[PDB]
Amino acid sequence: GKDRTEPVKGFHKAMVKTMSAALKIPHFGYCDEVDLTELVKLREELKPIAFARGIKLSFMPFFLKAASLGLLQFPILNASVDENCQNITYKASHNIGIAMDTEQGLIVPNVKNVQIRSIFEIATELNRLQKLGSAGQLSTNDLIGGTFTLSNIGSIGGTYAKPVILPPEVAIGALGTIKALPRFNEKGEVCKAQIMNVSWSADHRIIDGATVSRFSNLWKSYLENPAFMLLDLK
Amino acid sequence: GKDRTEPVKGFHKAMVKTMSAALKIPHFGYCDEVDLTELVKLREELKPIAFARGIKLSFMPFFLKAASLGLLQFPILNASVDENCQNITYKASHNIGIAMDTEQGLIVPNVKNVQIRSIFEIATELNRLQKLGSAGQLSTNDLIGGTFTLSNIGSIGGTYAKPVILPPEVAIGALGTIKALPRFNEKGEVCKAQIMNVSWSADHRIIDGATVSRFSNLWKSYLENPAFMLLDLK
Amino acid sequence: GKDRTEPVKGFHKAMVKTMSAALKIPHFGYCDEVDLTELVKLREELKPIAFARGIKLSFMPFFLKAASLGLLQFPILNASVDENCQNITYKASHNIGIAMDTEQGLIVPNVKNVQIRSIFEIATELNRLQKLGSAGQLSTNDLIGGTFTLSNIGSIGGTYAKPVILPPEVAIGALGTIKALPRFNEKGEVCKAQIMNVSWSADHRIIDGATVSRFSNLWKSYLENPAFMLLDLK
Amino acid sequence: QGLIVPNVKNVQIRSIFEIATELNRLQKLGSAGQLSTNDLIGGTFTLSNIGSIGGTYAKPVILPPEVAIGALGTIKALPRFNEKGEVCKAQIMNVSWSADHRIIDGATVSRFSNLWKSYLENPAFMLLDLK
Ligand SMILES: [Cl-]
Ligand SMILES: [Cl-]
Ligand SMILES: [Cl-]
Ligand SMILES: [Cl-]
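- Listed as the method for this PDB entry is X-ray crystallography; the listed resolution is 2.500 Å.

Here it is in structure tokens:
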């Protein structure tokens, strides 16, 4: 009825500080659309195997593994920079953060070493981080060491977005809602295509547009043609 | 054929300062598409009732009422924040600004108290502000006290945007051109759908992704299905 | 397979400076889609004539000429601003930059005086700049005096982007991938339309929303209706 | 020179692509009669791709002291019912296993076979557990 004023208190303090720190990073946005039809079908095919094994199989495990595969080719996107971008540290480990909101705000735990983990393992670690995350039970280790972040806004809504890079990282993707839209196939006939938008933000002080674009294409070729991931997995 | 220097003077100075103060806000962007097929139809129907009552009715009053509805559920989006973001003021009134550009620069009049006004009353207030706005006669009271802003860029053109938040507000939305596109219906058949793009920017220091996304979904559902708006109005 | 730290050195130092400088600019984003079906056709009929004169004709010359035609009508976009944005210098020459990444990232040579050059002249000049750029042999003068930049991200991939303005310029545009989509014609029939996205960033300290937008529609109208460009060419 | 059987080492930590690379290598060497001791030794299990020449089914001979071997026949397009019940082009291959029945029982080879098969009938199934 009247205006209420309140302290930003406690845990809400971290977001203020994280997001303010991101003012120092000149964001270059790059977006695309990804045709996820073959992926949607694929997820359906593996749904029963993963249920049998006790896991719920979402799309994220696929996005994560493709991102990682992509980071092998473009390792500069899995790097950090110092106070004034004097120096860059390339990080061997793909510790990929998953953005979450809680009643206490923004939390980003990461799956460690995605580069040596299978899609099934990634699914398992996601379930774990999510359960812990919703019980307020994430460890310090779950939160530190993140090298790269994906944010599935698409689980609530949206198409395109402009996500905020988390210092000290240099890049973040936001995934929008998967939507059936009319699109042409190779014969030029109108099909049902499952279309997802992706939006990357990159620190343009050390990531040029070709890097992020080509990374995006590789990420996207992997998801549009899942079998392509098969080639180099062991 | 020749270069020319000029001072930024007078009313142009104000835009320099607002936009410069916005640099302190870490902007998070979130976008969506909205099916306005029922609303376009609904609007054609109310046109003559408005014309009879002396009012040009556009889409904005609907966008305004629906924003105020969502803000009731997500009042943090109608809030303000202080010098270095240590206190939130949650603001009772929904003073929603309509961003206009004048032969004089950026001007943001608002509709006071949208939460206690009807679409028709909002339309009346919009007509008043346009009369005065395009004549250069907006008054101090019409300009001040804004809590939240929408910007109808699509009255000129466009799809998505990155609007710039007006301090000390925490969010702003931009609406694109309503435009007919091929889209699937429930039966999986190809229809004409009146599609509009929405682009929100929010102060990620105190507004997380889920809040802007859920707000946006709510706003969207009020517009995709105007019937829902019926339920709670008095 | 461990971390490697490294100095940002040599040429990459320039990208850090430029992009850091761009933080002082409150970027406003405006985006749209452009129907290039006629243009694509048009280019197909011209390739032969230009191949016959020893010039590869891409889309870029068209985009450049149209931008140029638009800047004649909206000259504030081809302007520069000083230290805390107190004076605007309107630039007579349209020296449009073409953002390129080399094996050393960001290089932005420009075509001098687009306002007085033919599309064929612009193609020619773009060809000169490619030859040089990929040989790492662009000269000083090729790189200075830029007044406005285009960045054709879509020659790799992409739909929308949030490009970074290059001080002391006040605007840049990014062009996405040209992609066949299902679109209604005037009869209300589903057609194959050759669609491209454009994303504009502008310094909202001195360029307002209506200015970017109307400039964009003009540019867009020149491309959707290439005949329109004839009217005032000499 | 007759029968020669090199093996790809430690397949379980290699990708399809590395395996392909090793095959081309062993194929090259084999042709030039240049295979090393180390290439020929230590095999634990054998495949014979008879269908690079011909055949459907086969009875391949186990290589002591291994306990199993698979022969692969020619991939042929054959008419087969789909999920509906309509005739389709199906790309059909035969596999014949021989197993030392002193220690390998019928369910084992068969259950092994099914697993292999479904990996190949639904290649996406392999995506799932590779690293
Ligand atoms: Cl920026
Ligand atoms: Cl679309
Ligand atoms: Cl930011
Ligand atoms: Cl900004």
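1. Regarding the overall build of chain A
Move 1: When you go through chain A residue by residue, the secondary structure sums to 7 helices and 13 strands.
Move 2: Classification of the 234 residues of chain A by burial places 56% in the buried group.
Move 3: In chain A, of all internal contacts separated by at least 6 residues, the share reaching a separation of at least 24 is 64%.
Move 4: Carbon together with sulfur atoms contributes 54% to the accessible area of chain A, which is approximately 9700 Å² in total.
Move 5: For chain A, the distance from the average position of its 26 positive side-chain charges to the average position of its 22 negative side-chain charges is 5 Å.

2. Some points on the UniProt feature "binding site: CoA" in chain A
Move 1: The sites that carry the UniProt feature "binding site: CoA" are, in the present numbering, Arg43(A), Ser58(A), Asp101(A), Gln130(A), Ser151(A), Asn152(A), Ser155(A), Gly176(A) and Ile178(A). These annotated residues cover 136 residues of sequence, and their C-alpha atoms reach 25.2 Å apart at the extreme, placing them across more than a single site.
Move 2: Within the secondary structure layout, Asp101(A) lies in strand β6 (residues 100-102).
Move 3: For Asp101(A), the residues in contact, after removing those within four places along its chain, are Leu106(A), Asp208(B), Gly209(B) and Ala210(B).
Move 4: Among the polar contacts made by the side chain of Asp101(A), one reaches the main-chain amide nitrogen of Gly209(B) at a distance of 3.3 Å.
Move 5: If you trace the backbone, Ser151(A) turns up in strand β9 (residues 148-151).
Move 6: If sequence neighbours within four positions are ignored, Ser151(A) has contacts with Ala99(A), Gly173(A), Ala174(A) and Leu175(A).

3. Structural notes on the pairing of strand β4 (residues 87-90) of chain B
Move 1: Here strand β1 (residues 4-7) of chain A pairs with β4(B) via 4 bridges, running antiparallel. Within β4(B), the position partnered with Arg4(A) by the bridge is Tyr90(B).
Move 2: Of the strand pairs in this sheet, strand β3 (residues 79-81) of chain B and β4(B) are connected by 3 bridges, and their pairing is antiparallel. Within β4(B), the residue paired with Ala79(B) across the bridge is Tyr90(B).
Move 3: Hairpin remark: β3(B) followed by β4(B), antiparallel, with 5 residues in the connecting loop; positive phi at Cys85(B), about 70 degrees.

4. Considering the arrangement of the chains
Move 1: One finds no contact linking chain B with chain D; the least C-alpha distance across the pair is 21 Å.
Move 2: For chain C and chain D, which are not in contact, the least C-alpha distance works out to 16 Å.

5. Regarding the sheet that holds β4(B)
Move 1: Pairing in this open sheet of 3 strands is antiparallel, and the strands run β1(A)-β4(B)-β3(B) from one edge to the other. Each having just a single partner strand, β1 of chain A together with β3 of chain B make up the two edges of the open sheet. Put simply, the sheet's adjacent strands are angled 20 degrees from each other on average, direction ignored.

6. Here's the deal with the packing of helix α3 (residues 60-73) of chain C against helix α4 (residues 119-133) of chain C
Residues and elements named next belong to chain C.
Move 1: Running from N to C, α3 and α4 cross one another at 120 degrees; their axes reach a closest spacing of 9 Å. In this view, α3 runs oblique relative to α4, as classed from their interaxial angle. Taken as a pair, α3 and α4 cross one another with a handedness that is right-handed. Of the residues in α4, those touching α3 at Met60, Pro61, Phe62, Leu64 and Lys65 are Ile119, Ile122, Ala123 and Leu126.
Move 2: Among the residues forming the contact of α3 with α4, the class breakdown is 8 nonpolar, no polar and 1 charged.

7. Let's talk about the interface of chain A and chain D
Move 1: Opposite the 20 residues of chain A that make contact, chain D presents 16 residues.
Move 2: At the boundary of chain A with chain D, total buried surface from both sides reaches about 1800 Å², with 68% on carbon and sulfur atoms.
Move 3: Linking chain A to chain D there are 3 salt bridges.
Move 4: The salt bridge partner of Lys234(A) is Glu18(D), with a shortest N-O separation of 3.1 Å.
Move 5: Along the contact surface separating chain A from chain D lie 6 residue pairs in polar contact.
Move 6: Every element with two or more residues in the side of chain A that touches chain D is listed here: α2 (37-52), α4 (119-134) and α7 (227-230) of chain A.
Move 7: Sort the elements by how many residues they give to the side of chain A that touches chain D and α2(A) lands first, with 4 residues.
Move 8: For the side of chain A that touches chain D, the residue count by class is 11 nonpolar, 2 polar and 7 charged.

Calculation rules
- Residues numbered from 1 in each chain as written, not as in the entry; some residues may be left out.
- Chains lettered and ligands numbered in written order.
- Part of a larger assembly, values for the part shown.
- Heavy atoms only, no water.
- Helix = DSSP H or I, 4+ residues; strand = E, 2+ residues; numbered from the N terminus.
- Buried < 20%, exposed > 50% of the residue type's maximum accessible area, 1.4 Å probe, protein only.
- Contact = heavy atoms within 4.5 Å.
- Areas by Shrake-Rupley, 256 points an atom, 1.4 Å probe, with all protein chains shown as cover.
- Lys, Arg positive; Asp, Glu negative; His and termini not counted.
- Charge placed at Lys NZ, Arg CZ, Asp CG, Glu CD.
- UniProt positions renumbered as here; feature names shortened; annotations may be inferred.
- Polar contact = N/O pair within 3.5 Å; in protein donor to acceptor, adjacent residues only side chain to side chain.
- Pairing = 2+ DSSP bridges.
- Axes fitted to C-alpha atoms, helices over the stretch in contact; angles between N-to-C directions.
- Parallel < 35°, antiparallel > 145°, perpendicular 65-115°, else oblique.
- Left-handed = near helix turned anticlockwise from the far one by under 90°.
- Nonpolar A, V, L, I, M, F, W, Y, C, P; charged D, E, K, R; others polar.
- Buried area = accessible area lost by both parts, 1.4 Å probe.
- Salt bridge = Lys/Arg side-chain N within 4 Å of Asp/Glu carboxyl O.

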